[PDB]
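Coming up is one lone chain in structure tokens, specifically the form deposited in one PDB entry.
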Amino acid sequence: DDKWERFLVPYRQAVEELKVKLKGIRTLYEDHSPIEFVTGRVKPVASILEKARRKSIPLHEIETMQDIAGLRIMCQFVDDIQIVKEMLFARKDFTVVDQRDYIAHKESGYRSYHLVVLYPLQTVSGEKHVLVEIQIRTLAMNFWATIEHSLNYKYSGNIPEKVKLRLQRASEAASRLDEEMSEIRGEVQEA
């Protein structure tokens, strides 16, 4: 079982390196920083196994899983997301290998931009390329998604319809808040 913890060591180190890197973006800006804060997480073994058994994964290719390592970048404004995206695409300390835009959204109201990078981790024995998922979200998107995640866990994937209807209303309310915020930003920018 520490074969697991030995397997996850590079993923954890990739996340810590990328956290300090991405947090440097906001520091460099202190005008308006396009990043409010940054979090990162390596998937717990249980959650790796559960998803592997839910999506057809024999345990020998789990290394194909794109989100064992994950970061989340939270932005104040919707337009900040495109800015962060472009910064990430320009970085030379990793390469972007995949992306998908749920901002351009899901049936329940999930809003988030995803990309996956291949991070060239320097190890004791040389280089190891590890997949790291990076999501970019507004604060309001992140708030809604966090609640949805908690409810799906609490109800084991079967949220009762009365709660699901309200969750869907909350996603629209979060979306409207982001729209009003966008109007504020655009109006300030017509400087």
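For every residue, the number given is its place in the sequence shown, counted from 1.
The next section is about a form of this same protein that is not shown, the form deposited with a small molecule bound.
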Inset, instruction - Considering only heavy atoms, tell me if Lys85 and the small molecule come within 4.5 Å of each other in the entry with it bound. - result: no
Legend entry - is_contact(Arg91, the small molecule) in the entry with it bound, heavy atom dist at most 4.5 Å: no
Legend entry - Contact flag, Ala140 vs the small molecule in the entry with it bound, heavy atom cut 4.5 Å: no
Legend entry - 4.5 Å heavy atom contact, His32 and the small molecule in the entry with it bound: no
Legend entry - Check all three, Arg41, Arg100 and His149, heavy atom within 4.5 Å of the small molecule in the entry with it bound: yes
